[PDB]
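Computation of the quantities below employed the complete heavy-atom set of this structure, encompassing side-chain atoms and omitting hydrogens, waters and symmetry-equivalent molecules. Counting from 1, the numbers follow the sequence of the chain as shown.
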Amino acid sequence: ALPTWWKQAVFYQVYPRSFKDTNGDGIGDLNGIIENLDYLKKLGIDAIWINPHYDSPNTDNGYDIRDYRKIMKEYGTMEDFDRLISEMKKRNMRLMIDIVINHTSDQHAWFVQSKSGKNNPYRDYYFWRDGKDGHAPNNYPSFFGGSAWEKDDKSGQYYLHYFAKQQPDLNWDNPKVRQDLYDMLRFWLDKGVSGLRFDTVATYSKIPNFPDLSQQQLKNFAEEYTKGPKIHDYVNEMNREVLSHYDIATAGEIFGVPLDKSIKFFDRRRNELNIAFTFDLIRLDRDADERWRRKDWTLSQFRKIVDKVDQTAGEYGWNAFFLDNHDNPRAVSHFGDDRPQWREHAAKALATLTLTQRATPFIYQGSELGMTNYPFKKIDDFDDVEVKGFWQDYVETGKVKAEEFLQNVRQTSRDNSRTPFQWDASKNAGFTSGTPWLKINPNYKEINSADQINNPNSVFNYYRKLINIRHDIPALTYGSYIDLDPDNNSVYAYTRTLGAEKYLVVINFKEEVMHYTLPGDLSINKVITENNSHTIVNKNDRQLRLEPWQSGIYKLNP
Ligand SMILES: [Ca+2]
């Protein structure tokens with residue numbers, strides 16, 4: 001305890017741009033979310049987090065916000081948004097929206113004023129600094145390419161942007177900025193939204209006097225930008241003045257925070273946020289310097305991080321658990337085996353893992369079908385401003401050969417999870433009557449929601465089954481987690497425990513039969529579910545014969 005709705009909820013993340021287009025322009029919209037709420041209710045989802053839905057020039061597909069109180073033109077109108085809320089309410093579903101207050105679009109009113117001159121009332125809503133020797137104020141690099149400082153000719157000063165040039169960072173040291181942002185949150189909260197997901201929540205506080213980063217720091221600079229001295233003062237003040245006045249669940253995207261600093265954002269006793277979005281597991285295999293490059297990882301590596309993330313939240317914090325999202329490759333491709341012989345078994349294995357963590361699971365759109373990475377071939381096949389940034393920094397500088405770069409970003413690109421959702425087997429997978437904004441995977445003929453929703457053997461129906469299982473067995477939400485062997489590279493096996501109620505999850509990550517004898521005096525009381533099982537499990541069994549990619553949940557004898 002204490003149980004809460006958000007600790008036991010299963011969330012589903014909708015990327016509105018890519019979910020369902022209802023007017024043939026090739027871009028998903030709010031009406032397309034509305035028309036598929038029944039599909040999500042059938043899956044068993046009780047809360048939806050949507051990516052940014054606000055007025056935006058779309059340099060970063062919604063995360064460059066030009067007006068926080070207007071609906072993005074491509075997604076519809078305020079009336080569409082209000083209908084989404086009402087139709088969700090009719091179905092007892094809760095909405096989480098994406099709060100993007102580290103930065104605005106450079107087209108936002110505040111910035112247009114800010115940049116007009118030093119005497120403008122909005123000058124100090126952003127960070128403006130003089131050059132150093134006709135170079136940037138310091139050596140800060142941007143996540144999205146080049147310098148974090150952009151020269152403005154009007155003023156002769158540079159403005160700070162951790163993300164795109166078009167995403168100038170807001171000055172949280174200015175109390176008037178925080179007050180405006182709080183009034184903006186009340187505008188949304190007053191409409192009955194149930195959740196807020198805080199985008200890059202850890203970078204709001206900037207480092208006094210902006211010193212250069214050391215050579216070493218430049219190889220891992222995300223962590224330097226989360227070291228701002230006032231980050232927890234600001235998050236707690238936002239809690240005291242806004243968040244604690246409403247009845248909501250809040251998540252924090254803590255990019256660049258070392259795991260051992262994460263707890264301060266989520267410890268309930270700190271009155272900061274509720275739910276941790278950590279990067280440790282999802283990017284375990286990502287180079288910290290060349291953040292587009294991946295490397296081999298093993299199951300022991302993966303499970304050791306699961307354990308550490310679980311231990312860190314400990315008694316007083318709480319985790320989100322997810323294996324993909326709009327910023328990462330698809331789970332079945334990245335963590336599973338997406339080849340035809342294994343895709344469905346691995347997707348179901350990963351679903352099992354996700355829906356048996358001591359955490360609020362987040363299912364990203366299309367993962368419930370076992371959607372895969374997309375076979376990108378050339379740089380032009382990508383849309384993402386971030387990959388273009390990496391291309392300019394690493395390839396156009398001649399530092400990395402184009403083909404080696406592609407081999408990596410094919411595996412790591414955020415655009416892997418942005419290809420349109422595969423509704424059915426018709427033209428463009430039923431996503432759009434027009435031309436989709438980003439090409440649809442040709443595997444849509446094999447992988448689509450219409451082919452799955454009524455097949456009781458489908459990935460979709462296995463997610464549905466797991467969600468009902470998790471709802472039925474409190475130990476699968478609140479139970480303590482023990483990894484039976486953190487150094488095993490083949491069979492992932494852990495227990496979830498509440499008093500005498502003890503459940504065992506076993507997943508065979510190998511594409512060969514694996515025999516696995518339980519440790520100590522553990523033995524099986526019941527099979528709760530299995531996928532790809534061939535050898536029956538009887539009362540008191542002490543061993544399981546695991547087919548390749550087999551997964552299962554078992555009640556253990558007390
Ligand atoms: Ca549309």
Side-chain angles (χ1 to χ4, degrees), residues 51-70 72 97-116 120 122-129 136-138 140-152 157-185 187-188 196-207 210 221-222 224-228 230-231 234-235 238 251-257 273 277 291 326-327 384-386 388-389 414:
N51 295 92
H53 60 281
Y54 321 85
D55 182 55
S56 175
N58 286 317
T59 290
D60 196 12
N61 296 343
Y63 286 98
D64 53 308
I65 292 168
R66 174 175 59 203
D67 188 330
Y68 285 115
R69 311 212 189 180
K70 193 177 333 284
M72 193 185 292
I97 62 172
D98 209 320
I99 299 304
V100 185
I101 56 184
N102 178 82
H103 51 263
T104 64
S105 166
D106 66 340
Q107 293 181 37
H108 193 284
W110 302 337
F111 193 68
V112 171
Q113 291 171 93
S114 184
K115 63 182 200 191
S116 72
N120 193 271
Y122 290 91
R123 184 64 169 185
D124 287 344
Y125 266 52
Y126 300 87
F127 297 97
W128 290 100
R129 220 108 319 177
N138 71 16
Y140 275 9
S142 168
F143 298 120
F144 286 175
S147 179
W149 295 100
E150 178 74 359
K151 172 60 163 274
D152 182 55
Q157 279 193 313
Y158 288 72
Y159 69 87
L160 179 64
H161 66 95
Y162 283 168
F163 296 88
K165 291 166 200 304
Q166 299 83 2
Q167 292 167 297
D169 286 58
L170 281 173
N171 182 11
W172 274 72
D173 304 347
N174 184 343
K176 307 167 56 206
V177 171
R178 309 198 303 271
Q179 303 291 317
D180 278 347
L181 290 177
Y182 305 162
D183 282 333
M184 179 281 283
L185 295 178
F187 174 81
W188 297 101
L196 302 183
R197 177 264 201 190
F198 289 92
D199 182 71
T200 183
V201 69
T203 52
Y204 299 164
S205 175
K206 267 61 181 178
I207 303 308
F210 297 123
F221 57 96
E224 298 309 314
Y225 298 159
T226 65
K227 283 181 189 176
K230 290 211 55 82
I231 186 58
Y234 296 157
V235 182
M238 177 165 60
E253 187 192 32
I254 47 159
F255 182 66
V257 176
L273 303 177
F277 281 23
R291 306 191 313 291
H326 67 306
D327 284 335
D384 184 25
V385 58
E386 179 195 74
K388 299 168 169 164
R414 306 202 294 178

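- A donor-acceptor pair is defined here as one N or O able to donate and one able to accept, closer than 3.5 Å; no such pair exists between the side chain of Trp172 and the backbone of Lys230.
- Checked for salt-bridge contact, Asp183 and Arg69 miss the test: no charged N lies under 4.0 Å from a carboxylate O.
- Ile207 CD1 to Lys227 NZ: the interatomic distance, rounded to the nearest 0.5 Å, is 8.0 Å.
- Of the possible donor and acceptor atoms, none in the side chain of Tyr126 sits under 3.5 Å from a partner among the backbone N and O of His103.
- In this structure, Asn171 contributes its side chain and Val177 its backbone to no donor-acceptor pair below 3.5 Å.
- Distance CZ/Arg129 to CZ/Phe210: 5.0 Å, rounded to 0.5 Å.
- In this structure, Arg66 does not pair ionically with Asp64, as no charged nitrogen and carboxylate oxygen lie closer than 4.0 Å.
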What do the steps show when you test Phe111 against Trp128 for ring-ring contact (aromatic ring centres under 6.0 Å, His included), and what is the final call? CA-CA 11 Å; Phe111 193 68; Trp128 290 100; 5.7 Å; yes

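- A salt bridge does not link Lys115 to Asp152: none of the charged side-chain nitrogens sits closer than 4.0 Å to a carboxylate oxygen.
- Across all non-hydrogen atoms, the minimal contact from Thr104 to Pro168 is O-CD, 3.1 Å.
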Yes or no on side-chain hydrogen bond (donor to acceptor under 3.5 Å, both in side chains) for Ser116 and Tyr122, after CA distance, side-chain angles and deciding distance? CA-CA 9 Å; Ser116 72; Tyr122 290 91; over 6 Å; no

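- Between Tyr68 and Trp110, the ring planes lie tilted relative to each other; the angle falls in the 30° to 60° range.
- Taking OG of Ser105 as the reference point, atom CG of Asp67 lies at 10.5 Å (rounded to 0.5 Å).
- Considering OG1 of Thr200 and CD of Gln167, their distance stands at 10.0 Å, rounded to 0.5 Å.
- Between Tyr225 and the options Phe255, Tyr140, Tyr204, a ring-ring contact (aromatic ring centres under 6.0 Å, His included) holds for only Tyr140.
- The closest side-chain donor-acceptor pair between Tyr125 and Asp180 falls under 3.5 angstrom.
- Under the 3.5 Å distance criterion, with hydrogens and angles disregarded, a donor-acceptor pair is assigned to the side chains of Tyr63 and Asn51.
- Ring-plane geometry between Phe143 and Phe163 is classed as tilted, the angle between the planes lying from 30 to 60 degrees on a 0 to 90 degree scale.
- Looking at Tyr159 and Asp169, their side chains never bring a donor and an acceptor atom within 3.5 Å of each other.
- Judged by distance alone, with hydrogens and angles left aside, the side-chain atoms of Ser142 form a donor-acceptor pair with the main-chain N or O of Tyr162 at under 3.5 Å.
- To the nearest 0.5 Å, atoms CG (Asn58) and CD (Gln166) are separated by 11.5 Å.
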